[PDB]
Peer 1: 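One structure, pasted below without further comment.
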Amino acid sequence: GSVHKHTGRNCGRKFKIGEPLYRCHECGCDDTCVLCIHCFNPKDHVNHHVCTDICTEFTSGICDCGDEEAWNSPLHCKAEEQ
Ligand SMILES: [Zn+2]
Ligand SMILES: [Zn+2]
Ligand SMILES: [Zn+2]
C-alpha cells in the first residue's frame, strides 16, 4: 500500500463516499470519534467493540487519529507501520 503519514499532528482526512468510519467503544472519547482506513490499526482494538459506518451525503466527517482529545488510549496509526 501507499499511505500518507501525519506524524506530529492529527489526520483530519475527510471521508470519501463509500468509505468506512471506524468507531471503537473502548477507545473513543465518544461515539462521534472516528478513524479512517489509513489510520485504523486492528491491533489497537483486538479486545474491543468496533463498528463501521459508511460515508454518504448525510454521514460525513474527518478522521480523529492524532487528536489526543478524541481518544482514551494511545493509538498506533496504521500509516506509521513499516
Ligand atoms: Zn485518518
Ligand atoms: Zn493516523
Ligand atoms: Zn479500541
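The figures here come from the full heavy-atom set of this structure, side chains too, leaving out hydrogens, waters and symmetry mates. In this chain, residues are counted from 1 in sequence order. In listed order, ligands and their atoms are each counted from 1.
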Peer 1: Restricting to N, O or S atoms of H48, which is nearest to the Zn ion (ligand 3)?
Peer 2: ND1
Peer 1: Parallel, tilted or perpendicular: which fits the ring planes of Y22 and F40, with parallel below 30° and perpendicular above 60°?
Peer 2: parallel
Peer 1: Which of these passes side chain to side chain contact (heavy atoms under 4.5 Å, CB included) with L35: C65, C24, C77, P20?
Peer 2: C65
Peer 1: Which atoms form the tightest heavy-atom contact between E81 and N41, and what is the distance?
Peer 2: OE2-ND2, 2.7 Å
Peer 1: Check whether any N, O or S atom of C39, backbone or side chain, sits closer than 2.8 Å to the Zn ion (ligand 2).
Peer 2: yes
Peer 1: Tell me if the NE2 atom of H25 is crowded by more than 12 foreign heavy atoms within 6.0 Å.
Peer 2: no
Peer 1: Tell me whether the Zn ion (ligand 3) has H25 as a neighbour, meaning an N, O or S atom of it below 2.8 Å.
Peer 2: no
Peer 1: Test of geometry: compute the angle SG(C24)-the Zn ion (ligand 3)-ND1(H45) and round it to 10°.
Peer 2: 110°
Peer 1: For the residue pair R23 and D31, what are the closest heavy atoms and their distance?
Peer 2: CZ-O, 2.6 Å
Peer 1: How about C63 and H38: do any of their side-chain heavy atoms sit closer than 4.5 Å?
Peer 2: no
Peer 1: Restricting to N/O/S atoms, is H38 within less than 2.8 Å of the Zn ion (ligand 2) or not?
Peer 2: no
Peer 1: Using 2.8 Å as a strict upper limit, say whether an N, O or S atom of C11 approaches the Zn ion (ligand 2) that closely.
Peer 2: no
Peer 1: Report yes or no: does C36 have an N/O/S atom closer than 2.8 Å to the Zn ion (ligand 1)?
Peer 2: yes
Peer 1: Between NE2 of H45 and NE2 of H76, what distance do you get to the nearest 0.5 Å?
Peer 2: 10.0 Å
Peer 1: Do any N/O/S atoms of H6 come under 2.8 Å of the Zn ion (ligand 2)?
Peer 2: yes
Peer 1: Which value, rounded to 10°, describes the SG(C77)-the Zn ion (ligand 2)-SG(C65) angle?
Peer 2: 110°
